[PDB]
Amino acid sequence: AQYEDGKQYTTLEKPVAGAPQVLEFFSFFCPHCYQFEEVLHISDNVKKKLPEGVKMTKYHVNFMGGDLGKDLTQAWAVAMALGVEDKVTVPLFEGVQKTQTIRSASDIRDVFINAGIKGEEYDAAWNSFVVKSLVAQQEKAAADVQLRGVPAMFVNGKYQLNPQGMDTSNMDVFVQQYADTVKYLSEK
């Protein structure tokens, strides 16, 4: 077949019931995640090709960057709660990996302030139990799928994208191949 298990995707031995239809994991410490966001715009391009009725979920993981990794997962929860994902994703990536000006919770916070979220608004969300369960979800979802590396995408809790098995000669071709694969898996 033109799409094969073990080629453009793999199948989970233990499928995950009731999972988000398209589920992506990343870490702001993850170098390929940086590329996936900044250069490739994977998430956005997958979206452009998905059916209608399709929800995209994106979650942060703890297992990179120790204490600041965890801080980053709580902060991403805040971002989701407040609907400001598209205002902080880039400065967080560049703050961790490009400029290296994120070294503590307080620096993570500065990214939000500078992106226009209010001090009070941020600190309340950060401390809210809505945010705690959102952090819990992020952890649950990763734990559910035996996640030990990022970037990672899962379709209907049953298929895992395998970007290693696609041509990287040409970046645009890579994305389109990736996205068409998500759509195939979607329909499957």
# chains A, B, ... in the order shown; residues from 1 in each chain; ligands from 1
call {"tool": "residues_around", "arguments": {"residues": "residue A:124", "least_positions_apart": "6", "cutoff": "12 Å", "atoms": "only C-alpha atoms", "output": "short mmCIF file (atom, residue, chain, number, x, y, z; two decimals) with C-alpha atoms, in the first residue's frame"}}
result
data_model
loop_
_atom_site.label_atom_id
_atom_site.label_comp_id
_atom_site.auth_asym_id
_atom_site.auth_seq_id
_atom_site.Cartn_x
_atom_site.Cartn_y
_atom_site.Cartn_z
CA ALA A 75 2.18 27.83 31.71
CA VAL A 78 -2.61 28.88 31.42
CA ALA A 81 -7.30 28.42 29.64
CA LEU A 82 -6.94 32.04 28.46
CA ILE A 117 -1.94 39.29 29.31
CA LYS A 118 -2.39 41.09 32.62
CA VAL A 130 -9.13 24.96 36.29
CA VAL A 131 -5.47 25.13 35.35
CA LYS A 132 -4.50 22.30 37.69
#
call {"tool": "residues_around", "arguments": {"residues": "residue A:70", "least_positions_apart": "3", "cutoff": "12 Å", "atoms": "only C-alpha atoms", "output": "PDB file with N, CA, C and O atoms, in the first residue's frame"}}
result
ATOM      1  N   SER A  27       7.504  19.994  23.459  1.00  0.00           N
ATOM      2  CA  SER A  27       8.166  20.618  24.598  1.00  0.00           C
ATOM      3  C   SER A  27       8.900  21.856  24.082  1.00  0.00           C
ATOM      4  O   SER A  27       9.476  21.834  23.001  1.00  0.00           O
ATOM      5  N   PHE A  28       8.908  22.931  24.857  1.00  0.00           N
ATOM      6  CA  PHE A  28       9.570  24.147  24.416  1.00  0.00           C
ATOM      7  C   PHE A  28      11.083  23.965  24.436  1.00  0.00           C
ATOM      8  O   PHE A  28      11.802  24.796  23.917  1.00  0.00           O
ATOM      9  N   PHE A  29      11.548  22.839  24.985  1.00  0.00           N
ATOM     10  CA  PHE A  29      12.968  22.456  24.957  1.00  0.00           C
ATOM     11  C   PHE A  29      13.300  21.562  23.721  1.00  0.00           C
ATOM     12  O   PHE A  29      14.450  21.296  23.380  1.00  0.00           O
ATOM     13  N   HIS A  60       1.818  20.054  26.179  1.00  0.00           N
ATOM     14  CA  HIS A  60       3.225  20.146  26.562  1.00  0.00           C
ATOM     15  C   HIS A  60       3.607  18.965  27.440  1.00  0.00           C
ATOM     16  O   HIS A  60       2.750  18.408  28.079  1.00  0.00           O
ATOM     17  N   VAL A  61       4.881  18.578  27.463  1.00  0.00           N
ATOM     18  CA  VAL A  61       5.322  17.475  28.310  1.00  0.00           C
ATOM     19  C   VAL A  61       6.371  17.874  29.370  1.00  0.00           C
ATOM     20  O   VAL A  61       7.129  18.834  29.191  1.00  0.00           O
ATOM     21  N   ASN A  62       6.437  17.086  30.442  1.00  0.00           N
ATOM     22  CA  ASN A  62       7.312  17.389  31.559  1.00  0.00           C
ATOM     23  C   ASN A  62       8.732  16.873  31.387  1.00  0.00           C
ATOM     24  O   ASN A  62       9.657  17.478  31.935  1.00  0.00           O
ATOM     25  N   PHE A  63       8.922  15.800  30.617  1.00  0.00           N
ATOM     26  CA  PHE A  63      10.183  15.060  30.689  1.00  0.00           C
ATOM     27  C   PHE A  63      11.394  15.763  30.047  1.00  0.00           C
ATOM     28  O   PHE A  63      12.486  15.209  30.016  1.00  0.00           O
ATOM     29  N   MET A  64      11.233  16.979  29.555  1.00  0.00           N
ATOM     30  CA  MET A  64      12.417  17.729  29.138  1.00  0.00           C
ATOM     31  C   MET A  64      12.576  18.952  30.025  1.00  0.00           C
ATOM     32  O   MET A  64      11.605  19.659  30.337  1.00  0.00           O
ATOM     33  N   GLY A  65      13.814  19.229  30.376  1.00  0.00           N
ATOM     34  CA  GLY A  65      14.157  20.452  31.067  1.00  0.00           C
ATOM     35  C   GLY A  65      13.735  20.528  32.509  1.00  0.00           C
ATOM     36  O   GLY A  65      13.453  21.625  33.000  1.00  0.00           O
ATOM     37  N   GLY A  66      13.711  19.382  33.185  1.00  0.00           N
ATOM     38  CA  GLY A  66      13.413  19.316  34.605  1.00  0.00           C
ATOM     39  C   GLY A  66      12.397  20.312  35.129  1.00  0.00           C
ATOM     40  O   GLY A  66      11.284  20.376  34.631  1.00  0.00           O
ATOM     41  N   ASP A  67      12.800  21.113  36.119  1.00  0.00           N
ATOM     42  CA  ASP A  67      11.878  22.002  36.846  1.00  0.00           C
ATOM     43  C   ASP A  67      11.205  23.039  35.929  1.00  0.00           C
ATOM     44  O   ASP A  67       9.985  23.285  35.987  1.00  0.00           O
ATOM     45  N   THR A  73       4.821  23.393  31.478  1.00  0.00           N
ATOM     46  CA  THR A  73       3.556  22.692  31.284  1.00  0.00           C
ATOM     47  C   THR A  73       2.401  23.404  32.012  1.00  0.00           C
ATOM     48  O   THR A  73       1.310  23.537  31.471  1.00  0.00           O
ATOM     49  N   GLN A  74       2.622  23.844  33.240  1.00  0.00           N
ATOM     50  CA  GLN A  74       1.619  24.688  33.885  1.00  0.00           C
ATOM     51  C   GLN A  74       1.335  25.965  33.070  1.00  0.00           C
ATOM     52  O   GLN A  74       0.171  26.324  32.896  1.00  0.00           O
ATOM     53  N   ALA A  75       2.377  26.622  32.542  1.00  0.00           N
ATOM     54  CA  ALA A  75       2.183  27.827  31.710  1.00  0.00           C
ATOM     55  C   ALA A  75       1.432  27.529  30.444  1.00  0.00           C
ATOM     56  O   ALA A  75       0.720  28.394  29.928  1.00  0.00           O
ATOM     57  N   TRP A  76       1.650  26.348  29.864  1.00  0.00           N
ATOM     58  CA  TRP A  76       0.933  26.070  28.640  1.00  0.00           C
ATOM     59  C   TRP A  76      -0.545  25.876  29.012  1.00  0.00           C
ATOM     60  O   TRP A  76      -1.410  26.395  28.327  1.00  0.00           O
ATOM     61  N   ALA A  77      -0.821  25.210  30.139  1.00  0.00           N
ATOM     62  CA  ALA A  77      -2.186  25.125  30.653  1.00  0.00           C
ATOM     63  C   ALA A  77      -2.824  26.532  30.762  1.00  0.00           C
ATOM     64  O   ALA A  77      -3.920  26.750  30.245  1.00  0.00           O
ATOM     65  N   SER A 104      13.430  30.735  34.501  1.00  0.00           N
ATOM     66  CA  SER A 104      12.648  30.602  35.724  1.00  0.00           C
ATOM     67  C   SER A 104      11.207  30.901  35.410  1.00  0.00           C
ATOM     68  O   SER A 104      10.910  31.461  34.365  1.00  0.00           O
ATOM     69  N   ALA A 105      10.320  30.527  36.319  1.00  0.00           N
ATOM     70  CA  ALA A 105       8.902  30.805  36.173  1.00  0.00           C
ATOM     71  C   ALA A 105       8.660  32.264  35.854  1.00  0.00           C
ATOM     72  O   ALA A 105       7.833  32.603  34.987  1.00  0.00           O
ATOM     73  N   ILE A 108       9.125  33.052  32.341  1.00  0.00           N
ATOM     74  CA  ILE A 108       7.999  32.555  31.557  1.00  0.00           C
ATOM     75  C   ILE A 108       6.897  33.591  31.655  1.00  0.00           C
ATOM     76  O   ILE A 108       6.319  33.989  30.643  1.00  0.00           O
ATOM     77  N   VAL A 135      -3.427  20.854  33.552  1.00  0.00           N
ATOM     78  CA  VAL A 135      -2.107  20.253  33.696  1.00  0.00           C
ATOM     79  C   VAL A 135      -2.250  18.716  33.839  1.00  0.00           C
ATOM     80  O   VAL A 135      -1.572  17.959  33.162  1.00  0.00           O
ATOM     81  N   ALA A 136      -3.138  18.274  34.721  1.00  0.00           N
ATOM     82  CA  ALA A 136      -3.460  16.855  34.859  1.00  0.00           C
ATOM     83  C   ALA A 136      -3.826  16.214  33.544  1.00  0.00           C
ATOM     84  O   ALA A 136      -3.414  15.096  33.292  1.00  0.00           O
ATOM     85  N   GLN A 138      -2.931  17.074  30.534  1.00  0.00           N
ATOM     86  CA  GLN A 138      -1.721  17.007  29.723  1.00  0.00           C
ATOM     87  C   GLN A 138      -0.908  15.818  30.118  1.00  0.00           C
ATOM     88  O   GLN A 138      -0.501  15.025  29.262  1.00  0.00           O
ATOM     89  N   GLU A 139      -0.755  15.637  31.419  1.00  0.00           N
ATOM     90  CA  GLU A 139      -0.028  14.486  31.918  1.00  0.00           C
ATOM     91  C   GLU A 139      -0.776  13.166  31.634  1.00  0.00           C
ATOM     92  O   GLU A 139      -0.183  12.194  31.144  1.00  0.00           O
TER      93      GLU A 139
END
call {"tool": "residues_around", "arguments": {"residues": "stretch 145-148 of chain A", "least_positions_apart": "2", "cutoff": "9 Å", "atoms": "only C-alpha atoms", "output": "PyMOL selection string"}}
result
chain A and resi 12+14-16+25+61+63+140-143+150+152+154+157
call {"tool": "residues_around", "arguments": {"residues": "residue A:95", "least_positions_apart": "5", "cutoff": "12 Å", "atoms": "only C-alpha atoms", "output": "ChimeraX atom specification"}}
result
/A:28-29,34,72,88-90,100-104,107-112
call {"tool": "write_last_selection", "arguments": {"atoms": "C-alpha atoms", "output": "compact mmCIF listing (two decimals), in the first residue's frame"}}
result
# COMPACT_ATOMS: atom_id res chain seq x y z
CA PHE A 28 9.57 24.15 24.42
CA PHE A 29 12.97 22.46 24.96
CA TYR A 34 10.96 24.43 17.38
CA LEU A 72 6.34 25.27 31.12
CA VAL A 88 2.97 33.03 23.41
CA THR A 89 4.08 29.96 21.40
CA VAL A 90 6.73 31.78 19.44
CA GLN A 100 17.97 31.80 26.32
CA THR A 101 16.24 34.40 28.43
CA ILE A 102 13.85 31.93 30.02
CA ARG A 103 15.39 30.42 33.11
CA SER A 104 12.65 30.60 35.72
CA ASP A 107 10.78 34.76 32.96
CA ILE A 108 8.00 32.55 31.56
CA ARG A 109 5.59 35.06 33.11
CA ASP A 110 7.35 38.01 31.40
CA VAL A 111 6.63 36.48 28.00
CA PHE A 112 2.90 36.64 28.83
call {"tool": "atom_distance", "arguments": {"atom1": "atom CA of residue A:8", "atom2": "atom CA of residue A:165"}}
result
5.3 Å
call {"tool": "closest_residue", "arguments": {"among": "A:86, A:17, A:116, A:26", "to": "residue A:44", "atoms": "only C-alpha atoms"}}
result
A:86
call {"tool": "select_by_dssp", "arguments": {"residues": "stretch 1-165 of chain A", "states": "alpha helix (DSSP H)", "output": "PyMOL selection string"}}
result
chain A and resi 31-38+42-49+66-82+85-93+105-114+119-127+129-144
call {"tool": "residues_around", "arguments": {"residues": "residue A:175", "least_positions_apart": "5", "cutoff": "8 Å", "atoms": "only C-alpha atoms", "output": "VMD selection string"}}
result
chain A and resid 40 42 45
call {"tool": "residues_around", "arguments": {"residues": "residue A:155", "least_positions_apart": "5", "cutoff": "12 Å", "atoms": "only C-alpha atoms", "output": "PyMOL selection string"}}
result
chain A and resi 9-12+15-25+46+50+54-57+145+160-162+179+181-188
call {"tool": "atom_distance", "arguments": {"atom1": "atom CA of residue A:58", "atom2": "atom CA of residue A:83"}}
result
12.6 Å
